[PDB]
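Q: First the structure, then my questions, so here it is.
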Amino acid sequence: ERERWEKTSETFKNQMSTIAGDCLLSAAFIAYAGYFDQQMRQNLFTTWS
Amino acid sequence: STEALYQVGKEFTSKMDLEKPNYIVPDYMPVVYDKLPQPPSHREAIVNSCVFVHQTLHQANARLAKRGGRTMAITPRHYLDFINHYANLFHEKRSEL
């Protein structure tokens with residue numbers, strides 16, 4: 001199990017800076033993409049990315 | 001307006017810790033809010049991205065209406081819902097992590 005935990009620590013240090021953009025994209029998707037179909041949801045997500 | 005959306009995003013975002021000293025400003029820097037403070041920090045960039053997302057929904061309504069499909073209006077309530085979701089997801093994911 002420490003073979004996984006040790007690399008999980010460096011992944012923690014990696015997404016410590018990356019949480020903000022992922023949360024921004026997720027919040028935009030949840031708040032806005034509800035009405036549209038799959039293609040328009042993907043288009044909106046691609047534009048935001 | 002874009003300015004009003006910018007102040008709403010800044011005031012709602014300022015309550016959560018998001019400042020990072022190691023940010024690299026892009027040369028192009030696609031601006032949505034005019035008279036944005038140049039060079040911008042991380043908070044200015046994310047609020048610019050938020051108002052861009054709102055205006056992207058506003059433009060997608062027109063794109064769908066050109067085709068002729070059903071459209072629903074995006075509102076300041078939509079923007080506040082989005083910013084609330086951003087704050088909640090940010091706090092929850094940082095605490096869990």
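Following the order of the structure tokens, chains are lettered A, B, ..., residues in each are numbered from 1, and ligands are numbered from 1.
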I'd like a table as a Markdown table: residues in chain A with an atom no more than 6 Å from chain B, each row giving the shortest atom pair and its distance in Å to one decimal, only C-alpha atoms counted, sorted by chain and rising residue number.
A:
| residue | atom | partner | partner_atom | distance |
| --- | --- | --- | --- | --- |
| A:23 | CA | B:90 | CA | 5.8 |
| A:24 | CA | B:86 | CA | 5.7 |
| A:27 | CA | B:86 | CA | 5.0 |
| A:28 | CA | B:82 | CA | 5.8 |
| A:31 | CA | B:82 | CA | 5.1 |
Q: May I have the selected residues written with N, CA, C and O atoms, as a PDB file, in the first residue's frame?
A:
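Written output follows (part_12.pdb):
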ATOM      1  N   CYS A  23     -12.270  23.083 -10.416  1.00  0.00           N
ATOM      2  CA  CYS A  23     -13.482  23.515  -9.731  1.00  0.00           C
ATOM      3  C   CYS A  23     -14.232  24.559 -10.546  1.00  0.00           C
ATOM      4  O   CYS A  23     -15.467  24.564 -10.569  1.00  0.00           O
ATOM      5  N   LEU A  24     -13.502  25.443 -11.231  1.00  0.00           N
ATOM      6  CA  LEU A  24     -14.134  26.443 -12.086  1.00  0.00           C
ATOM      7  C   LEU A  24     -14.906  25.787 -13.225  1.00  0.00           C
ATOM      8  O   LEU A  24     -16.073  26.118 -13.476  1.00  0.00           O
ATOM      9  N   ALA A  27     -17.992  23.861 -11.778  1.00  0.00           N
ATOM     10  CA  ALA A  27     -19.061  24.768 -11.378  1.00  0.00           C
ATOM     11  C   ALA A  27     -19.769  25.359 -12.586  1.00  0.00           C
ATOM     12  O   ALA A  27     -21.000  25.479 -12.591  1.00  0.00           O
ATOM     13  N   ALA A  28     -19.008  25.737 -13.617  1.00  0.00           N
ATOM     14  CA  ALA A  28     -19.624  26.249 -14.836  1.00  0.00           C
ATOM     15  C   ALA A  28     -20.520  25.201 -15.479  1.00  0.00           C
ATOM     16  O   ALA A  28     -21.646  25.507 -15.891  1.00  0.00           O
ATOM     17  N   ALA A  31     -23.727  24.672 -13.270  1.00  0.00           N
ATOM     18  CA  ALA A  31     -24.643  25.804 -13.268  1.00  0.00           C
ATOM     19  C   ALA A  31     -25.272  26.067 -14.630  1.00  0.00           C
ATOM     20  O   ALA A  31     -26.413  26.539 -14.690  1.00  0.00           O
TER      21      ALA A  31
END
Q: From chain B, collect each residue whose DSSP state is helix (DSSP H, G or I) and return the set as number ranges by chain.
A: B: 2-13, 42-67, 76-96
Q: Keeping only C-alpha atoms, write those residues as a compact mmCIF listing (two decimals), in the first residue's frame.
A:
# COMPACT_ATOMS: atom_id res chain seq x y z
CA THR B 2 -19.15 42.84 -17.86
CA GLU B 3 -17.92 45.34 -15.27
CA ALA B 4 -20.78 44.48 -12.89
CA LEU B 5 -20.15 40.76 -13.36
CA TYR B 6 -16.47 41.43 -12.63
CA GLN B 7 -17.22 43.21 -9.35
CA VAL B 8 -19.69 40.48 -8.31
CA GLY B 9 -17.13 37.77 -9.03
CA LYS B 10 -14.34 39.65 -7.26
CA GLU B 11 -16.42 40.37 -4.15
CA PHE B 12 -17.71 36.80 -3.90
CA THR B 13 -14.30 35.21 -4.61
CA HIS B 42 -4.54 34.75 -10.31
CA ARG B 43 -7.78 36.22 -8.90
CA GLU B 44 -8.16 38.68 -11.79
CA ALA B 45 -7.59 35.87 -14.29
CA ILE B 46 -10.18 33.58 -12.72
CA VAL B 47 -12.79 36.36 -12.49
CA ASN B 48 -12.09 37.15 -16.15
CA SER B 49 -12.66 33.46 -16.91
CA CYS B 50 -15.94 33.54 -14.95
CA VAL B 51 -17.30 36.51 -16.90
CA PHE B 52 -16.10 34.80 -20.09
CA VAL B 53 -18.15 31.71 -19.18
CA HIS B 54 -21.23 33.87 -18.60
CA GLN B 55 -20.78 35.67 -21.93
CA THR B 56 -20.15 32.30 -23.62
CA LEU B 57 -23.57 31.13 -22.46
CA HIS B 58 -25.05 34.43 -23.68
CA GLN B 59 -23.47 33.83 -27.11
CA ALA B 60 -24.57 30.17 -27.20
CA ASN B 61 -28.18 31.32 -26.85
CA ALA B 62 -27.77 33.34 -30.06
CA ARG B 63 -25.99 30.44 -31.76
CA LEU B 64 -28.91 28.13 -30.96
CA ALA B 65 -31.51 30.75 -31.92
CA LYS B 66 -29.89 31.13 -35.35
CA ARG B 67 -30.56 27.43 -35.90
CA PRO B 76 -27.54 37.25 -13.10
CA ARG B 77 -29.17 34.48 -11.07
CA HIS B 78 -27.33 32.04 -13.34
CA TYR B 79 -24.10 33.93 -12.65
CA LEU B 80 -24.64 33.91 -8.87
CA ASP B 81 -25.48 30.20 -8.98
CA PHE B 82 -22.23 29.59 -10.87
CA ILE B 83 -20.13 31.61 -8.41
CA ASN B 84 -21.78 29.87 -5.43
CA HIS B 85 -21.00 26.50 -7.01
CA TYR B 86 -17.40 27.59 -7.57
CA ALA B 87 -16.93 28.65 -3.94
CA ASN B 88 -18.58 25.50 -2.57
CA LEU B 89 -16.64 23.12 -4.83
CA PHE B 90 -13.35 24.92 -4.12
CA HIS B 91 -13.78 24.74 -0.34
CA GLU B 92 -15.07 21.15 -0.36
CA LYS B 93 -12.35 19.75 -2.62
CA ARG B 94 -9.55 21.58 -0.79
CA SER B 95 -10.78 20.38 2.62
CA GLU B 96 -11.27 16.78 1.42
Q: Choose the residue, out of B:34, B:39, B:23, B:16, that has the smallest atom-to-atom separation from residue 17 (chain A); count only C-alpha atoms.
A: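 The shortest atom-to-atom distance to residue 17 (chain A) comes from B:23.
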